[PDB]
Each structure stands twice: as structure tokens, then as C-alpha cells.
Amino acid sequence: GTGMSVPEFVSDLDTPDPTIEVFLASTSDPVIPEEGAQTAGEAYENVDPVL
Amino acid sequence: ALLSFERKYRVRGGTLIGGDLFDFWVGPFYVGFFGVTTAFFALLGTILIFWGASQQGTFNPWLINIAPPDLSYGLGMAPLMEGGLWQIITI
């Protein structure tokens, strides 16, 4: 009775964010590290945060 | 009681429905088929409003509130204590 609501068109509710499918086409699962695996620092010359 | 010039206008006839089954006056008010229906509907609505007020918990004229149902009921009929009273009073 207080008038607190949010209206939306039904056809608009069925159109998702078009950028959702772009992210799912560019993602991948992480790879569990093995015992004493080689790091990125020892193979190239990189910066400490990603070393 | 009539006005000084009123008696010559109070003739019989001119009804959409009913004839002289309801063709009279009560005080100054004219009664007809639609006077009867008006009385019924208005009295029922007012009494139902006061019943809802008594079940709400307040008789304060500023604070009485009878509300429509929740949006999850759609266009169907709600329980009388959760919004059905509003629908009956609207009718």
C-alpha cells in the first residue's frame, strides 16, 4: 500500500548483459601448483608482483 | 417540509426503471431504484471500513488504514485480513 516498487519491461528483463558471454569465452580454470614447480621469475625478466 | 415554490414541480413520472414502486421523497431527498442501491452500497462499505479499523487496533480517524494486497497475489483474491477487504470496499 505504500507504493514502493520498481517497474520494468518484460522484454527487457529477458535480454541479459551482452558482455556476459564475452567473459565466459576468455576465462579458464586455474592449474594447481605441483611440488617445486618452476616459477615465472626464473624463465624471464619480470616484475616482482607477478614474479 | 417544502420550499415556497416547490410543490408544483413534485409530479409523478420520469424514471428509467421502477415506476412508482420507489417514486417518493424522504425529507428533501429523492428516492428511486438508484437511491436504494446507493444506500445499500454506501452503508455496506462504511460498516466494512469500521470493522477493518476495529480489527486493526485503532479508531483514530487520522490513523485508520486499509491497504491492498501484496504484489505476489497478482490479479486474484487475497485473504480478507490481508487485502480482500480493500477489494470488497472498492467494488
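Every read-out reported here was derived from the displayed coordinates using simple, explicitly stated rules and does not represent laboratory data. Counting neighbours? That spans all protein chains shown, and the Cβs are built from the backbone with ideal geometry, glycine included.
Which value in deg cm²/dmol, rounded to the nearest 500, describes the helix-derived mean residue ellipticity at 222 nm for chain A, given -39,500 (n - 2.57) per DSSP H run of n ≥ 4 and division by the residue count?
After summing the helix terms and dividing by residue count, I get -3000 deg cm²/dmol.
Would you mind classifying the protein assembly as shown by shape? Square roots of the alpha carbon gyration tensor eigenvalues, ordered a ≥ b ≥ c; an a/c under 1.5 is rounded, otherwise it is prolate if a/b is larger than b/c and oblate if not.
Verdict is prolate for the protein assembly as shown.
When a/c reaches 1.5 or more, the comparison of a/b and b/c decides; with that in mind, is chain A rounded, prolate or oblate per its Cα gyration tensor?
prolate
Most mobile of B:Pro68, B:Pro79, B:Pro28 per a Gaussian network model of chain B (Cα springs, under 10 Å)?
B:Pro28
Determine the shape class of region B:1-76: with a ≥ b ≥ c the square roots of the Cα gyration tensor eigenvalues, call it rounded for a/c under 1.5, and otherwise prolate if a/b is greater than b/c, oblate otherwise.
prolate
Check each of the trypsin sites (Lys or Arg not before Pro) in region B:1-88 and keep only those in coil by DSSP with at most 12 other C-beta atoms within 10 angstrom; list them in order.
Filter output for region B:1-88: B:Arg10, B:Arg12.
Work from the charge dipole of chain B (Cβ charges, +1 for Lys and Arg, -1 for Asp and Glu, about the Cα centre) and give the residue of B:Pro68, B:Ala42, B:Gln56 farthest towards its positive end.
Going by the Cα projections, it comes out as B:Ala42.
I want to check the label-to-label distance for A:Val6 and B:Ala42. Put each point 7 Å from Cα in the C-beta direction and report it in nm to one decimal.
Label-label distance for A:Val6 and B:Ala42, simple model: 4.5 nm.
Nothing charged except the Cβ atoms of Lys and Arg (+1) and of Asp and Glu (-1): what's the magnitude of the dipole of chain A about its Cα centre? Round to the nearest 20 debye.
200 debye
Just going by the charge dipole of chain A, with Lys and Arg at +1 and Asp and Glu at -1 on Cβ, which of A:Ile20, A:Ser5, A:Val50 is farthest out on the positive end?
The residue sitting farthest along the positive end of the dipole is A:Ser5.
Return the distance in nm (one decimal) between the two label points of a simple spin-label model at A:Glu21 and B:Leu21, each offset 7 Å from Cα along Cα→Cβ.
Placing both labels 7 Å along Cα→Cβ, they lie 6.8 nm apart.
What is the order of B:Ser54, A:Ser5, fewest Cβ neighbours within 10 Å to most?
Going from least to most buried by this count: A:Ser5, B:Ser54.
Counting only the backbone N, which residues of region B:31-54 are under 15 Å from the spot 7 Å out from the Cα of B:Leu80 toward its beta-carbon?
What the label zone holds, given the 15 Å backbone N cut-off, is B:44-54.
Count neighbours as other Cβ atoms within 10 Å of each site's Cβ, and list the GluC sites (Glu not before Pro) in chain A that are DSSP loop with at most 14 such neighbours.
Of the GluC sites (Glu not before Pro), the ones in loops of chain A whose Cβ has at most 14 other Cβ atoms within 10 Å are A:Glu8, A:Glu34, A:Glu35, A:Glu42, A:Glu45.
Distance in nm between label sites at B:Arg10 and A:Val47, each 7 Å beyond Cα in the beta-carbon direction?
Going by the 7 Å Cα→Cβ label model, 10.0 nm.
Which one, B:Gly32, B:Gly52, B:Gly13, has the greatest fluctuation when you compute a Gaussian network model over chain B with C-alpha springs under 10 angstrom?
For chain B, modelled as a Gaussian network with Cα springs under 10 Å, the answer is B:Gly13.
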